[PDB]
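Protein chains in written order, with PDB author numbering: chain H, 244 to 308; chain I, 1 to 36, 44 to 283; chain J, 10 to 30, 37 to 44, 52 to 165, 172 to 312.
Virtual Cβ for every residue (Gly too), placed ideally from N, Cα, C.
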Amino acid sequence: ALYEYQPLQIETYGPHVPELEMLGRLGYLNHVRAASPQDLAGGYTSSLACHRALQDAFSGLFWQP
Amino acid sequence: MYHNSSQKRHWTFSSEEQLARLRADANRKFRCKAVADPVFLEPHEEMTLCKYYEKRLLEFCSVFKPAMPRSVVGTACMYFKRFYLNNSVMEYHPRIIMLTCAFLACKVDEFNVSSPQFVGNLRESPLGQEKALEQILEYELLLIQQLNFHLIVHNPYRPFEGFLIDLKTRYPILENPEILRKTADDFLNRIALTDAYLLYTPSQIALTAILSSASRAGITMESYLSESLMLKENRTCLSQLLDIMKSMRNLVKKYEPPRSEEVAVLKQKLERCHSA
Amino acid sequence: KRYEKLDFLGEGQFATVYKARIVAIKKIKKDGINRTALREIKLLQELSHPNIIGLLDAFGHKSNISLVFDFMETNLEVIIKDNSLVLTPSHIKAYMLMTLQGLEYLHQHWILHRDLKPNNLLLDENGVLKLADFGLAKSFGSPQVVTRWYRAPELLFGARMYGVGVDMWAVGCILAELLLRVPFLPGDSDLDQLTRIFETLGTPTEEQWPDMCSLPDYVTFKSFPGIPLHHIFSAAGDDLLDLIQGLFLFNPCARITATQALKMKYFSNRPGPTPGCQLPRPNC
Ligand SMILES: *[C@H](CC(=O)Nc1ccc(C(=O)Nc2cccc(Nc3ncc(Cl)c(-c4c[nH]c5ccccc45)n3)c2)cc1)CN(C)C
């Protein structure tokens with residue numbers, strides 16, 4: 244029984260969030276703080292912060308109790 | 001994340017009527033326990056006292072040293088609101104519960120503060136500070152158990168920042184989305200006073216604050232909802248969102264701050280209740 | 010209380026765990055309730071995945087708190103240290119698959135485990151692997173951790189801000205331990221761990237890590253050629269060697285994430301991962 248990758252299916256009840264690799268091409272990174280060389284050395288990029296902020300802004304926007 | 005959080009699952013309610021029912025049930029339960044009288048305060052008086060002590064908690068966290076992150080203050084306020092949904096001020100004193108809420112919020116939000124420097128922010132004698140610390144340590148487990156062990160609180164500040172980033176990126180019509188920050192922050196502060204945190208999602212609250220600031224600035228961004236957010240495909244979703252924003256604005260506009268004379272009378276009544 | 014002590018499961022870094030009636040209870044050690059237990063509760067009350075341990079209950083008195091989890095039969099360290107157990111490539115594939123799925127679910131919710139080791143990978147009698155010991159787990163994304177043997181080189185250089193790479197390096201170390209049945213890089217100090225890493229894999233240059241010197245606790249090492257990967261793992265296939273190479277990249281940005289590793293050809297190749305009901309079980 245071979246394995247086939249299947250992406251995680253989690254409903255967010257909000258607008259679609261652009262992909263992390265596409266944030267730079269779409270101009271999102273122009274409005275976040277640029278990561279310092281030390282942050283890049285440790286593996287931290289501004290794309291992560293922008294993606295998290297965008298995910299938080301859209302989560303549960305179309306949901307009612 | 002919020003879309004599978006315990007805040008959405010267990011601490012977001014349909015309407016203010018359910019909140020009033022829960023508060024009345026708590027008051028009635030404490031009255032029944034006491035029986036098993045004019046001194047008892049009514050649920051609306053309990054609400055007035057809770058609002059006054061929430062303001063006291065806000066000004067306590069405002070002058071906290073070292074500087075307290077705003078997320079910690081929001082977490083403490085949410086803890087206070089959740090605790091007094093199913094508890095009466097006539098059983099647990101809100102003066103100590105606010106301090107326990109601030110203590111637990113500082114612990115949960117990874118804001119490292121030791122107990123001596125926490126109690127040093129109180130305008131009390133060292134003996135009074137030690138007594139307050141002992142009360143906080145006694146009530147910490149009670150606060151945790153009354154929260155159903157749901158300590159992660161989602162605040163509208165991160166969704167607000169994300170919405171601002173999206174407006175700066177995909178909405179050239181709004182030339183400078185940074186001019187709406189102050190009024191949106193004021194609207195968020197006014198939202199925090201009402202029961203909006205227990206009835207709406209943080210993203211909805213942030214969007215409501217942003218569009219309230221835009222309306223007060225004379226800017227209309229119905230295209231941002233319809234076009235940028237792809238709501239022109241789903242019209243009923245747009246109508247529901249607009250109705251949610253209108254309900255939030257109505258909640259904000261009808262809130263009445265507590266009055267000093269009533270606050271003093273209720274404080275005397277609460278002191279009489281707790282002494283006896 | 011409602012629980013009766015049965016056995017003694019061991020001592021953690023911050024608590025004493027025992028088997029009770037089946038569940039497992041951690042007894043956490052003027053500051054109030056311990057921050058590690060609060061962190062574990064606040065993080066495990068927000069996650070729901072088959073490969074993540076679920077917090078069942080919590081109680082205590084005043085500033086003493088006790089946590090109750092579902093009881094797991096064993097952990098991966100007992101599996102590895104057992105000399106009577108044969109770790110076939112299918113078993114290794116299944117263990118890595120469960121670990122990577124759990125870590126992908128954890129990372130999508132912006133949480134780093136930061137304490138990953140074979141003893142923290144719990145196994146039940148049904149063969150399901152779970153991640154536990156979230157007392158050091160932290161949320162990341164908003165602008172001196174992990175055990176030394178499984179600590180990433182960027183952590184050993186005093187990195188303050190990091191991402192999923194610190195978990196993926198530990199995952200690579202666990203994979204190497206599964207392959208060799210012994211700890212891959214068993215150092216006794218941070219400098220010794222860095223020396224062992226550079227001897228086994230080679231000293232990285234400015235092309236494999238474009239910001240080596242930016243880290244505060246960074247020191248210059250001798251240039252080691254590095255042992256070839258197929259020399260270290262003689263039985264590893266080409267796809268497994270590619271997965272190991274991706275897992276052990278010195279650049280934390282270039283290091284493969286959990287989703288990227290799950291998409292790799294190693295997991296989709298043959299044979300398929302062993303089902304949990306057929307995974308090796310330590311004999312009594
Ligand atoms: C005969 C048959 C038999 O079953 N023998 C046997 C073999 C192996 C083990 C074993 O290793 N058990 C074990 C070790 C460690 C941990 C656990 N489970 C567990 N579950 C929940 C939690 Cl939260 C933890 C945990 C988290 N952090 C921790 C730190 C330290 C210790 C635990 C811990 N662990 C199971 C047992 C039995 C047996 N009889 C005679 C028939």
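Self-check item: Cβ separation of J/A39 and J/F91, assumed to be a contact under 8 Å, to the nearest whole Å
Solution: That pair is a contact at about 5 Å.
Practice problem: Counting only runs of 4+ residues fully inside the region 134 to 181 of chain I, write out the alpha helix (DSSP H) ranges in chain order. | Solution: Inside the region 134 to 181 of chain I, DSSP marks whole alpha helix (DSSP H) runs of 4 or more residues at positions 164 to 177, from first to last along the chain.
Quiz item: How about H/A244: is its C-beta nearer than 8 Å to some C-beta of chain J?
Solution: H/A244 counts as touching chain J.
Quiz prompt | Under 9 Å from the C-beta of J/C305: neighbouring residues of chain H | solution = Per Cβ cutoff of 9 Å: no residues; J/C305 is ~12 Å from chain H at best.
Practice problem: My understanding is that J/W177 touches J/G124, with C-beta atoms under 8 Å, so please give their C-beta distance in whole angstroms. | Solution: Taking 8 Å as the upper bound for CB-CB distance, J/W177 and J/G124 are not in contact here, some 21 Å apart.
Quiz item: Is H/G270 buried or exposed, if buried means 16 or more other CB atoms sit within 10 Å of its CB?
Solution: Under this definition H/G270 is an exposed residue.
Quiz prompt | Option nearest J/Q22 by Cα separation, candidates J/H83, J/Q288 and J/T175 | solution = Measuring from the Cα of J/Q22, the nearest candidate turns out to be J/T175.
Quiz item: Who are the near neighbours of J/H113 in its chain, counting only those whose CB is closer than 7 Å to its CB and skipping five residues on each side?
Solution: These residues qualify, in order along the chain: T302, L307 and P308.
Practice problem: Please list the residues of the region 152 to 178 of chain I that have a C-beta atom closer than 7 Å to any C-beta atom in chain H, keeping them in chain order. | Solution: Residues are counted here when their Cβ sits less than 7 Å from a Cβ of chain H; for the region 152 to 178 of chain I these are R165, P166, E168, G169, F170, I172, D173, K175 and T176, given in chain order.
Exercise. Can you tell me which of the three DSSP states residue 5 of chain J falls into?
Key: Lying before the first or after the last residue shown, residue 5 of chain J is absent from chain J, which here runs from 10 to 312.
Quiz item: What residue from J/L184, J/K291, J/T25 and J/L257 has the CA that sits closest to J/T58's CA?
Solution: Scanning J/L184, J/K291, J/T25 and J/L257 for the CA closest to the CA of J/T58 turns up J/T25.
Quiz item: For chain J, is any of its Cβ atoms less than 8 Å away from the one on H/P258?
Solution: H/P258 does not count as touching chain J.
Quiz prompt | J/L219 versus J/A204: straight-line alpha-carbon distance, rounded | solution = Cα to Cα, J/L219 sits roughly 21 Å from J/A204.
Practice problem: Could you tell me which uninterrupted alpha helix (DSSP H) segments, each at least 4 residues in length, are contained entirely in the region 58 to 112 of chain J, listed from first to last along the chain? | Solution: For the region 58 to 112 of chain J, whole alpha helix (DSSP H) runs of length 4 or above, ordered along the chain, are 98 to 103.
Exercise. Since I believe I/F30 is in contact with I/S95 (beta carbons under 8 Å), could you give me their beta-carbon distance rounded to a whole number of angstroms?
Key: Contact holds; Cβ gap of about 4 Å.
Quiz item: Whose Cβ in chain I lies nearer than 7 Å to the Cβ of H/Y271?
Solution: Going along chain I in sequence order, the residues near H/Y271 (Cβ under 7 Å) are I172 and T176.
Quiz item: How about J/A39: is its Cβ closer than 7 Å to a heavy atom in ligand 1?
Solution: Yes, ligand 1 has a heavy atom inside 7 Å of this Cβ.
Exercise. Output yes if chain I places a C-beta closer than 8 Å to the C-beta of J/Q67; else output no.
Key: It does: the Cβ of J/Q67 has a partner Cβ on chain I nearer than 8 Å.
Quiz item: I/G127: buried (16+ other C-beta within 10 angstroms of its C-beta) or exposed?
Solution: So I/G127 counts as exposed.
Quiz prompt | Integer Cβ distance of J/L143 from J/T121, believed to fall under 8 Å | solution = About 6 Å separates the two Cβ atoms, so the contact holds.
Quiz item: List, in order along the chain, the chain I residues whose C-beta lies closer than 8 Å to that of residue 8 of chain J?
Solution: Residue 8 of chain J cannot be examined here, being either before or after the span of chain J that is shown, 10 to 312.
Quiz item: Counting contacts by CB-CB distance shorter than 8 Å, is J/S88 in contact with chain I?
Solution: Judged by the 8 Å Cβ criterion, J/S88 is not in contact with chain I.
Quiz prompt | Distance, J/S217 Cα to I/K175 Cα | solution = Our two residues, I/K175 and J/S217, have alpha carbons roughly 48 Å apart in a direct line.
Exercise. Determine the contact status of I/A109 and I/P163, defining contact as a CB-CB distance below 8 Å.
Key: For I/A109 and I/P163, no; Cβs fall outside 8 Å.
Quiz item: Would you call the CB atoms of J/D16 and I/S122 closer than 8 Å?
Solution: The answer is no: Cβ separation not under 8 Å.
Quiz item: Can you tell which of I/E147, I/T208 and I/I103 has its C-alpha closest to the C-alpha of I/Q136?
Solution: Ranking I/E147, I/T208 and I/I103 by Cα distance to I/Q136 puts I/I103 first.
Quiz item: Would you say J/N148 touches ligand 1, meaning its beta carbon is less than 7 Å from a heavy atom?
Solution: Result no, Cβ not under 7 Å from ligand 1.
Practice problem: From the DSSP output, read off the bridge partner residues of J/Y27. | Solution: According to DSSP, which records beta bridges pairwise, J/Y27 is partnered with J/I40.
Exercise. Determine, using beta carbons only, whether H/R295 comes closer than 8 Å to chain J.
Key: Judged by the 8 Å Cβ criterion, H/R295 is in contact with chain J.
Quiz item: the region 265 to 278 of chain I: which residues have C-beta closer than 9 Å to a C-beta of chain J, in chain order?
Solution: Here the close residues number zero.
Self-check item: Euclidean distance between Cα positions of I/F67 and H/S289
Solution: When rounded, the distance between both Cα atoms is 34 Å.
Exercise. Select from the region 273 to 288 of chain H all residues with a C-beta closer than 9 Å to any C-beta belonging to chain J, and list them in chain order.
Key: Of all residues in the region 273 to 288 of chain H, the ones placed with a Cβ closer than 9 Å to any Cβ belonging to chain J are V275, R276, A278, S279, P280, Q281, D282, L283, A284, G285, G286, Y287 and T288, in chain order.
Exercise. Flag this pair as touching only if the region 253 to 261 of chain I and the region 200 to 207 of chain I have three or more C-beta atom pairs under 8 Å; answer yes or no.
Key: Contact between the region 253 to 261 of chain I and the region 200 to 207 of chain I is present: three or more C-beta pairs spanning the two stretches fall below 8 Å.
Quiz item: Quick one: what does DSSP say H/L304 is sitting in, helix, strand or coil?
Solution: Here H/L304 carries a coil assignment [DSSP, helix/strand/coil].
Practice problem: Compute the minimum distance between the beta carbon of J/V26 and the heavy atoms of ligand 1, and state whether it is under 7 Å. | Solution: It does: the Cβ of J/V26 is within 7 Å (strictly closer) of some heavy atom of ligand 1.
Exercise. With DSSP as the reference, please indicate the residues paired to H/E264 in a beta bridge.
Key: Looking at the DSSP assignment, H/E264 forms no beta bridge with any residue, so it has no partner.
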